[PDB]
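Novice: Structure incoming, see below.
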Amino acid sequence: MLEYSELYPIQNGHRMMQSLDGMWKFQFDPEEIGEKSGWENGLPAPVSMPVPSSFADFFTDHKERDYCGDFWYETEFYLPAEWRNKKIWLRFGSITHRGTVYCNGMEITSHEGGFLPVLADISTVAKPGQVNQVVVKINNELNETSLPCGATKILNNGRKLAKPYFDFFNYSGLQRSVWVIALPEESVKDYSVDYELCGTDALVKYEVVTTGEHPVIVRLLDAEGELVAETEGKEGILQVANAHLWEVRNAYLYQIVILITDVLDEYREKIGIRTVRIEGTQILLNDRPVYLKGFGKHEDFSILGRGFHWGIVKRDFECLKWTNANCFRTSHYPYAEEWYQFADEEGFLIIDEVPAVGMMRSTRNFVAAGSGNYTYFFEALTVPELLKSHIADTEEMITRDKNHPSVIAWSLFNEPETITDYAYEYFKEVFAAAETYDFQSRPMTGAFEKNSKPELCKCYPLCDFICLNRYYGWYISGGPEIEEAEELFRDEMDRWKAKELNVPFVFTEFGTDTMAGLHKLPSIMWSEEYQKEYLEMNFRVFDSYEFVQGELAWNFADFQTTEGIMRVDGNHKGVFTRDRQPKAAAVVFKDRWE
Amino acid sequence: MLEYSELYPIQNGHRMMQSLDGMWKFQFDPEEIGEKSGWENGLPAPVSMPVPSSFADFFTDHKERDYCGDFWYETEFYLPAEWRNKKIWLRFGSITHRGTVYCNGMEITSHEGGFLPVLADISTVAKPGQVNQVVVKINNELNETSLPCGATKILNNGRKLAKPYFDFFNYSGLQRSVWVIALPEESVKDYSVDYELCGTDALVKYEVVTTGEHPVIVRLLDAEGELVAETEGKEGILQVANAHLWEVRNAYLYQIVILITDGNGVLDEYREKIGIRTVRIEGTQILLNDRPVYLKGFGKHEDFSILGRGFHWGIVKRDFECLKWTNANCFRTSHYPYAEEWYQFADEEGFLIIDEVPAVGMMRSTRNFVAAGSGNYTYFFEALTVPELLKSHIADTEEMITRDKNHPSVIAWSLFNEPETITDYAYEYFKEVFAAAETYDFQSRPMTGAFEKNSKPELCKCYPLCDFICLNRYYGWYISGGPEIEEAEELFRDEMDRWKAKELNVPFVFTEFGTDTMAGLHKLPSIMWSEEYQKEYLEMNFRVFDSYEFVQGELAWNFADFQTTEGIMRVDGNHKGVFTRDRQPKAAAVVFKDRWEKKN
Ligand SMILES: [Cl-]
Ligand SMILES: [Cl-]
């Protein structure tokens, strides 16, 4: 279990917080001489770099956009003098992909994983009342011992080029907000809630972790601040009579309030009373079935790359609502915590995905996810280091996101090898670990490439429901062969039906690249009309199987990828353009999903 | 009465034809010296030029693209020896806009009007069994004394620049096929058919004009070649028992055969395909074969990448497959008569045509699309140029009607588009055009024209002349667009309520309505110029149309993106197309398909 708290920062009497967002100093370190040359003390010749954002798309030259290797940030903040006697942490929403944090010259901690928060305890070096310095050494290379997976090519000048095993640009930097926070010396470290429904009434079971021994009181407030339940102890049950349940696209948020007393700490968070259970082939939310309708997405916008902005969230949610979606998948990595906060208010359902993408050794991975070629990926001697990373990223993800009502499943892989017992052994461990970290035991899943065929795949028995990525009519029998493609699709769904697994299937990826404004009569692959015809055919197949309980189309919006001959300025399978405007097919979803 | 035949060329024993399409020789004449310098005998420094085609879009520099003034074409053809003792004509489908034809050095004839055939009798100068020469001086300037109307600016270096009073590019040259043909010394010059429906049977009234006095017999053949009627005489009635009528989008064509007989011999033989059908306006209704018809389709343009107005059959084939997928039954030949092939093919496919003379730009404005609702009168029909303009307007009408009157597809003549009509000088002008048109058409079929918003119900003086009234309105675009579209609808309905209150008891067709739409431009919520806005503008205008019993047709503007003269309001032509210039469909094309599948 973890040496820090994953809880979002708040500001009350006992807990303080100050934003470090703004313009930082930035400098590339291509010869990797920073540590030995005093950069922990300040950067020798930096530039200005916005935070949060991704560094790549600001520059005007290739070597800098495509930089791969070591690079540094530095900034300076004044701590209020009133934060003596408090524990003081730096909280980075993310450090992509790995980094060591230095503060006032001292190395505080290093982290691996570029999509989950990083906590640095600077209590012993922070100078309250004075100006303080923070310096972060970051690395954005890809390998097969960390997620997401890939490789690093050295070119003739010795400069490094990222060669990912995934299909999305390797944005990196400090992409999410950065805080400095003050906690009490005895503090709430973690807590977990589970829900039971008793007719109209409800139980909120909870457990609490603290950095101390003092008694804990837990209060639960309704939307208007009035009290509805109170229990003493670090373990308890809250009784909410005539409970107001969090519903799909109709949220109700209670407020939990955790206290440590003699009052030493207070933590407050919005939660939603709802239950998630798989009965047979159905997904039950509050004991009634739900059908998932929505999109795979990316944290991706012009200029900012993966940088968080609230304006992107607002628009992306006003578009999801306009299509009448109810659900999205945080593909292929946990998002910024603000996305889940807002999903909670709006009643969207989230499949939360750990970044286990790239577990097949292929640099053009999307044509290759149906080629039939096994890459011997889980037979290699780096696999134990990889497994340790994957489990640690699952643990940090679940701890961070488990108390959001919108999060209803965990996706623990996208398009890996599953056709050999080497991969069963691997994934069995991962699921085992995820089952222990989630106090609610909500459904665990992953998304399968076409190569994980019903006859050969070893891993679908680990899944509570099964997610399929399928491109019938695009990478398989596309264009004039599109009727062959429908058959082949039905052929496979027939074989899955024949297995009588009695579990739900969700299509988590299907789509066509579509250039906005390419019209052709008759339609051709890449036009707007072909996208509509494609979707109308996948819909017919989905609607032919009682156990298909969900469609998450790929993608919500055009996004940026590694450049290559099959990628025309990124990936054009969006239903919206990258500036968040709808292609002709968005209307297809809107109508179907009403 | 015209000094030549408008009859399309055929090839039998009595009548022979030869195409002159190919690379011709071409030369600009900016100093206007060709005649004094002997260009009538050949050009001194030519380049090659495709025929048929408009010259403008081939070149890579502005001076040649935008050329305005005199320019010359030349080619050479071999006349077979066997054409001695025939009358030999050159037949240009069109010479744009005016020209003078020369054959082996000799001025044969001159013609004014850029969109109808030019016939030049070269019988005295032709040399059969030898190689012959044709040379044409063309001028593409615009003025206020011919159609279509514009003006001509002289730049500071002496260059002429066309400044049209219309919104389409001033393509010009030899835009249509060219033939040399041989006719008999006694030939059929002209004929005309009218029809009456007799239950299962039908009458084909007719009349023939020849160049001599030998007698005529007229035969009528069904679709399979079999004889169904015969009559002696230059005027007659053919009696067709168990007639197959020509019906909208369900065409049947008879062959008519006109012979000039020397007892047991044949002197001339002309064959055209025709279609029995009747057209009549009864009250507010447009009756085809005695049932009501709702017009659904488009205003078009003879326009295409590289070719300009140049004629190609593939442009036809694609454009008709698109109209059929759309479920249209109609189109208007805005704003000039088309190549004859367009009509021939509309006959096979059963489309209805409104045939438009080129009477456009009768109002002095160079940005004339912002000005058809401005409210500003330009005294256009009180100028002393007007009597000359009237004469060539009538002349183009007579030539259009004489040419096109025997196509079943042609159900009405449009004699103006967006002129000034709020004035008695304009009533007196158009009373003459309409009176002329009535006489040249043997079927006395409906005559109309299209009115700008400026020609309000209270002010207009010209709508009485029309058998039905065509309106060009842009409520939701030029008027009260974008955020104000709610208001554009109430304004529209207020105008229609005033037309209603006049109780004119005539049908109204909407011949223009549309929005510039950039393919690929998507906005949510929609904005003027987005594809989404096109669809909404349309849904709005349909609600208005459907609120009025007397609205009996809707021709959207335009079938396809097309080229205009350039300027700040024109992003590479006009983008009111429902299809792109390369004839693929924007999102509002299915709006039409669905509405029109489920009308009548
Ligand atoms: Cl460069
Ligand atoms: Cl130039």
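Novice: Only one of A:223, A:229, A:243 is in contact with a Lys or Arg (Cβ under 8 Å, 6 or more places away or on another chain), over 15 Å from residue A:439 (Cβ atoms) and not assigned by CATH to the domain that holds residue A:97; which?
Specialist: A:229
Novice: Name, by its number, the condition in (1) within 14 Å of chain B (Cβ to nearest Cβ); (2) of a type in the set (A, V, I, L, M); (3) touching a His at 6+ places or on another chain (Cβ under 9 Å) that does not hold for residue A:521.
Specialist: So the condition that residue A:521 fails would be (3).
Novice: With the requirement that a residue be over 18 Å from residue B:300 (Cα atoms), in contact with a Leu (Cβ under 9 Å, 6 or more places away or on another chain) and charged (D, E, K, R), what does the range B:546-600 give you?
Specialist: The answer is B:595, and nothing else.
Novice: For the range B:399-431, how many residues meet the condition of being touching a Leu at 6+ places or on another chain (Cβ under 7 Å) and acidic (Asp, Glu)?
Specialist: Residues that pass the stated criteria total 1.
Novice: Same structure again: I'd like to check something: does the range B:5-15 contain any residue that is over 20 Å from residue B:133 (Cβ atoms), surrounded by 13 or more Cβ atoms within 10 Å (Cβ to Cβ), away from ligand 2 (no atom under 16 Å from the Cβ) and of a type in the set (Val, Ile, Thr)?
Specialist: Yes; the residues of the range B:5-15 include at least one that is over 20 Å from residue B:133 (Cβ atoms), surrounded by 13 or more Cβ atoms within 10 Å (Cβ to Cβ), away from ligand 2 (no atom under 16 Å from the Cβ) and of a type in the set (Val, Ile, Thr).
Novice: Now for a different question. Output the residues belonging to the range B:246-298 that are touching a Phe, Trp or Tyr at 6+ places or on another chain (Cβ under 7 Å), over 26 Å from residue B:593 (Cα atoms) and of a type in the set (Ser, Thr, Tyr).
Specialist: Selection gives B:278 alone.
Novice: Still on this structure: Taking the condition charged (D, E, K, R), over 25 Å from the mean Cα position of the chain (by Cα) and more than 30 Å from residue B:57 (Cβ to Cβ), does residue B:235 pass?
Specialist: In short, yes.
Novice: Looking at residue A:174, is it over 21 Å from residue A:364 (Cβ atoms) and within 19 Å of the chain's Cα centre (by Cα)?
Specialist: It is true that residue A:174 is over 21 Å from residue A:364 (Cβ atoms) and within 19 Å of the chain's Cα centre (by Cα).
Novice: For residue B:414, are the conditions met, namely being small (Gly, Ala, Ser) and more than 18 Å from residue B:393 (Cβ to Cβ)?
Specialist: It is false that residue B:414 is small (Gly, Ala, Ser) and more than 18 Å from residue B:393 (Cβ to Cβ).
Novice: Could you list, ordered by first residue, the pairs with Cβ atoms under 7 Å in which the first is in the range B:62-91 and in the same structural domain as residue B:6 (by CATH) and the second is assigned to a strand (DSSP E or B) and within 16 Å of ligand 2 (Cβ to nearest atom), at least 6 apart or interchain?
Specialist: That search, which allows pairs on different chains as well, returns B:66/B:161; B:67/B:28; B:68/B:161; B:71/B:28.
Novice: Hey, among the residues in the range B:454-507 that are on the phi > 0 side of the Ramachandran plot and not in a helix (DSSP H, G or I), which one's surrounded by the most Cβ atoms within 10 Å (Cβ to Cβ)?
Specialist: It comes out as B:476.
Novice: Sticking with this structure for a sec: How many of the residues making up the range A:409-460 are of a type in the set (S, T, N, Q) and over 25 Å from residue A:554 (Cβ atoms)?
Specialist: So the answer is 4.
Novice: Counting just the residues of the range B:36-78 that are more than 22 Å from residue B:105 (Cα to Cα) and either of a type in the set (D, E, K, R) or within 16 Å of ligand 1 (Cβ to nearest atom) (or both), which one comes out farthest from the other protein chains (Cβ to nearest Cβ)?
Specialist: B:63
Novice: Within the range B:508-518, restricting attention to residues that are more than 14 Å from chain A (Cβ to nearest Cβ) and under 22 Å from residue B:581 (Cα atoms), which residue is surrounded by the most Cβ atoms within 10 Å (Cβ to Cβ)?
Specialist: Looking at the filtered set, the residue picked out is B:511.
Novice: Considering only the range B:62-93, state which residues are within 16 Å of ligand 2 (Cβ to nearest atom) and acidic (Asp, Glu).
Specialist: B:64, B:66
Novice: Would you be able to say whether some residue in the range B:31-38 is surrounded by fewer than 14 Cβ atoms within 10 Å (Cβ to Cβ), farther than 26 Å from residue B:154 by Cα and more than 16 Å from ligand 2 (Cβ to nearest atom)?
Specialist: So far as the range B:31-38 goes, yes, one or more of its residues are surrounded by fewer than 14 Cβ atoms within 10 Å (Cβ to Cβ), farther than 26 Å from residue B:154 by Cα and more than 16 Å from ligand 2 (Cβ to nearest atom).
Novice: I've got another one for you. Please determine whether any residue of the range A:535-556 is within 14 Å of another protein chain (Cβ to nearest Cβ), over 18 Å from residue A:475 (Cα atoms) and of a type outside the set (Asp, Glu).
Specialist: yes
Novice: Identify all residues within the range B:557-590 that are more than 12 Å from chain A (Cβ to nearest Cβ), more than 13 Å from residue B:167 (Cβ to Cβ) and not in a loop (DSSP other than H, G, I, E, B); write none if there are none.
Specialist: Once the filter is applied, which keeps residues that are more than 12 Å from chain A (Cβ to nearest Cβ), more than 13 Å from residue B:167 (Cβ to Cβ) and not in a loop (DSSP other than H, G, I, E, B), the range B:557-590 yields only B:560.
All of this is worked out from the model, or read from it or from the source named; none is laboratory data. Cβ: placed from backbone, ideal geometry, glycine included. Neighbour counts: every protein chain shown.
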